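Okay, so here's the structure we're looking at.
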Amino acid sequence: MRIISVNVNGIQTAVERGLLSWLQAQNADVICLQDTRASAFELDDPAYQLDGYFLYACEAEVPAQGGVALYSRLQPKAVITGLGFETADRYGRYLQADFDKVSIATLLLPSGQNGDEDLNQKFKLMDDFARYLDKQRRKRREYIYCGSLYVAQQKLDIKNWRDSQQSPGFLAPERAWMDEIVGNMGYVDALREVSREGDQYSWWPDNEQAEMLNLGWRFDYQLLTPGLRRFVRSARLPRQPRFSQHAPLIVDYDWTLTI
């Protein structure tokens with residue numbers, strides 16, 4: 001019924017935060033990010049059962065901080081945890097769900113908790129990523145890029161000037177990053193396109209939650225293909241810390257993946 005996105009360091013903690021209460025709340029279409037935490041075959045356990053949903057996802061260095069989570073109603077066929085053989089078993093930050101139509105890519109990679117380390121691993125990935133965007137144009141089908149990177153329009157989060165980009169300062173490649181993607185008039189910002197957060201309040205901020213606290217970005221971009229660009233029913237963004245009945249980054253519109 002929607003696309004939910006929440007990156008945590010222990011999905012287990014997500015459920016303790018009510019996230020699970022949200023996947024049963026609307027039987028979301030595809031829930032991306034989070035962090036498997038659990039094994040690759042202990043998760044689907046009936047314990048994680050909800051209202052009625054399937055579970056597809058991989059793990060890398062989980063006893064470290066890996067786990068690409070993707071809950072789907074249907075049964076996807078294309079499950080990729082990165083393209084590096086062993087690396088995939090160690091990335092847990094690259095997984096797409098596809099079959100024949102509508103290829104979605106779920107990429108979780110926190111930068112605030114990492115930093116320079118991401119700018120390096122992301123760099124190499126950047127070259128391929130740009131090539132992918134290009135590899136995406138070649139495809140005549142539709143696709144969804146829902147990941148957690150340091151992408152900030154900078155025109156709507158001018159408030160979080162601090163890390164609005166990634167760190168207390170700012171990144172030069174950022175301006176060209178978001179511009180080269182949406183200035184492409186191909187990538188829509190269903191996040192800030194349908195919903196405006198330029199003029200909003202700000203509750204007493206604390207830890208990294210300060211960003212997500214409708215004051216900044218904690219790395220959560222919901223990108224659609226020019227196939228639905230003008231088909232965004234709504235976009236509910238979090239304004240309160242994920243500790244109770246708070247709502248994750250959800251998007252109302254196209255749901256359920258057909259294969």
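Quick note on naming: the chains in the structure tokens go A, B, ... in the order shown, residues restart at 1 in each chain, and ligands are numbered from 1 in order of appearance.
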
- Message: Run DSSP on the backbone and tell me which residues of segment 165-202 of chain A come out as alpha helix (DSSP H); list them as a PyMOL selection string.
- Response: chain A and resi 172-182

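Using only C-alpha atoms, the residues found no farther than 9 Å from segment 77-91 of chain A, other than those of its own chain fewer than 4 positions away, are residues 56, 57, 58, 59, 60, 61, 62, 66, 67, 68, 95, 96, 97, 98, 99, 103 and 259 of chain A.
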
Per residue of segment 88-153 of chain A within 12 Å of segment 226-249 of chain A, which atom pair is closest and at what distance in Å (one decimal), using only C-alpha atoms, listed by chain and increasing number, as a tab-separated table?
```
residue	atom	partner	partner_atom	distance
A:101	CA	A:227	CA	11.9
A:102	CA	A:227	CA	9.8
A:136	CA	A:226	CA	11.5
A:137	CA	A:226	CA	10.5
A:140	CA	A:227	CA	10.0
A:141	CA	A:227	CA	8.4
A:142	CA	A:227	CA	6.1
A:143	CA	A:227	CA	8.4
A:144	CA	A:228	CA	9.8
A:145	CA	A:226	CA	12.0
A:146	CA	A:249	CA	10.8
A:147	CA	A:249	CA	11.6
A:148	CA	A:249	CA	11.4
```

With N, CA, C and O atoms retained, write the just-selected residues as a PDB file, in the first residue's frame.
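part.pdb written:
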```
ATOM      1  N   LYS A 101       9.556  -6.763 -14.822  1.00  0.00           N
ATOM      2  CA  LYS A 101       9.131  -5.368 -14.856  1.00  0.00           C
ATOM      3  C   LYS A 101       9.313  -4.701 -13.494  1.00  0.00           C
ATOM      4  O   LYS A 101       9.192  -5.342 -12.451  1.00  0.00           O
ATOM      5  N   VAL A 102       9.592  -3.401 -13.524  1.00  0.00           N
ATOM      6  CA  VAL A 102       9.782  -2.623 -12.301  1.00  0.00           C
ATOM      7  C   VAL A 102      10.953  -3.148 -11.475  1.00  0.00           C
ATOM      8  O   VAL A 102      10.785  -4.009 -10.612  1.00  0.00           O
ATOM      9  N   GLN A 136      20.266   2.464 -16.563  1.00  0.00           N
ATOM     10  CA  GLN A 136      18.838   2.466 -16.290  1.00  0.00           C
ATOM     11  C   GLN A 136      18.084   3.103 -17.444  1.00  0.00           C
ATOM     12  O   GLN A 136      16.956   2.716 -17.747  1.00  0.00           O
ATOM     13  N   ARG A 137      18.716   4.072 -18.102  1.00  0.00           N
ATOM     14  CA  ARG A 137      18.086   4.732 -19.232  1.00  0.00           C
ATOM     15  C   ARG A 137      17.903   3.734 -20.364  1.00  0.00           C
ATOM     16  O   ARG A 137      16.876   3.733 -21.044  1.00  0.00           O
ATOM     17  N   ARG A 140      13.840   0.141 -20.950  1.00  0.00           N
ATOM     18  CA  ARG A 140      12.605   0.850 -21.269  1.00  0.00           C
ATOM     19  C   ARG A 140      11.558   0.630 -20.182  1.00  0.00           C
ATOM     20  O   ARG A 140      10.447   1.155 -20.259  1.00  0.00           O
ATOM     21  N   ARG A 141      11.921  -0.150 -19.169  1.00  0.00           N
ATOM     22  CA  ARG A 141      11.005  -0.435 -18.070  1.00  0.00           C
ATOM     23  C   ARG A 141      11.070   0.660 -17.010  1.00  0.00           C
ATOM     24  O   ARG A 141      11.713   1.694 -17.203  1.00  0.00           O
ATOM     25  N   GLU A 142      10.401   0.418 -15.888  1.00  0.00           N
ATOM     26  CA  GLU A 142      10.380   1.372 -14.786  1.00  0.00           C
ATOM     27  C   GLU A 142      11.290   0.892 -13.658  1.00  0.00           C
ATOM     28  O   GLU A 142      11.640  -0.287 -13.601  1.00  0.00           O
ATOM     29  N   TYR A 143      11.689   1.801 -12.770  1.00  0.00           N
ATOM     30  CA  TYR A 143      12.574   1.423 -11.669  1.00  0.00           C
ATOM     31  C   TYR A 143      12.425   2.368 -10.478  1.00  0.00           C
ATOM     32  O   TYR A 143      11.958   3.498 -10.623  1.00  0.00           O
ATOM     33  N   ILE A 144      12.836   1.893  -9.300  1.00  0.00           N
ATOM     34  CA  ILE A 144      12.761   2.701  -8.083  1.00  0.00           C
ATOM     35  C   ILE A 144      14.080   2.656  -7.319  1.00  0.00           C
ATOM     36  O   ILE A 144      14.562   1.585  -6.951  1.00  0.00           O
ATOM     37  N   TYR A 145      14.646   3.835  -7.075  1.00  0.00           N
ATOM     38  CA  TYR A 145      15.899   3.935  -6.340  1.00  0.00           C
ATOM     39  C   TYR A 145      15.647   4.454  -4.933  1.00  0.00           C
ATOM     40  O   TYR A 145      15.599   5.662  -4.705  1.00  0.00           O
ATOM     41  N   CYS A 146      15.491   3.528  -3.989  1.00  0.00           N
ATOM     42  CA  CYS A 146      15.249   3.896  -2.600  1.00  0.00           C
ATOM     43  C   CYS A 146      16.452   3.517  -1.747  1.00  0.00           C
ATOM     44  O   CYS A 146      16.624   2.357  -1.379  1.00  0.00           O
ATOM     45  N   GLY A 147      17.293   4.500  -1.454  1.00  0.00           N
ATOM     46  CA  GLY A 147      18.491   4.243  -0.664  1.00  0.00           C
ATOM     47  C   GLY A 147      18.715   5.305   0.401  1.00  0.00           C
ATOM     48  O   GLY A 147      17.981   6.290   0.484  1.00  0.00           O
ATOM     49  N   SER A 148      19.751   5.090   1.204  1.00  0.00           N
ATOM     50  CA  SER A 148      20.106   6.019   2.264  1.00  0.00           C
ATOM     51  C   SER A 148      21.517   6.538   2.030  1.00  0.00           C
ATOM     52  O   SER A 148      22.494   5.913   2.455  1.00  0.00           O
TER      53      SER A 148
END
```

- Message: Here is a test: counting only C-alpha atoms, which residue of A:25, A:194, A:119, A:4 is nearest to residue 167 of chain A?
- Response: A:119

- Message: Can you pull out the residues contacting segment 159-165 of chain A? Cut-off 8 Å, using only C-alpha atoms, and skip same-chain residues under 6 positions away; I want them as a PyMOL selection string.
- Response: chain A and resi 150-152+171+174+211+215-217

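Our summary of the geometry notes that atom CA of residue 20 of chain A is positioned 18.0 Å from atom CA of residue 40 of chain A.
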
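Separating atom CA of residue 35 of chain A from atom CA of residue 12 of chain A is a distance of 8.3 Å.
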
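The nearest approach to residue 23 of chain A among the residues A:121, A:36, A:9, A:72, with only C-alpha atoms taken into account, belongs to A:72.
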
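The coordinates place atom CA of residue 188 of chain A at 28.8 Å from atom CA of residue 205 of chain A.
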
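If only C-alpha atoms are the atoms counted, then among A:223, A:28, A:105, A:8 the closest residue to residue 252 of chain A is A:28.
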
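If you measure from each of A:155, A:73, A:218, A:131 to residue 109 of chain A using only C-alpha atoms, the closest one turns out to be A:218.
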
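Closest approach to residue 110 of chain A from the set A:65, A:178, A:219, A:27 is made by A:219, with distances taken over only C-alpha atoms.
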
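Here the question is which of A:199, A:128, A:254, A:179 gets nearest to residue 156 of chain A using only C-alpha atoms, and that residue is A:199.
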
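Every residue of segment 136-208 of chain A found in strand (DSSP E or B) when DSSP is run on the backbone appears here: residues 143, 144, 145, 146, 147, 148, 188 and 189 of chain A.
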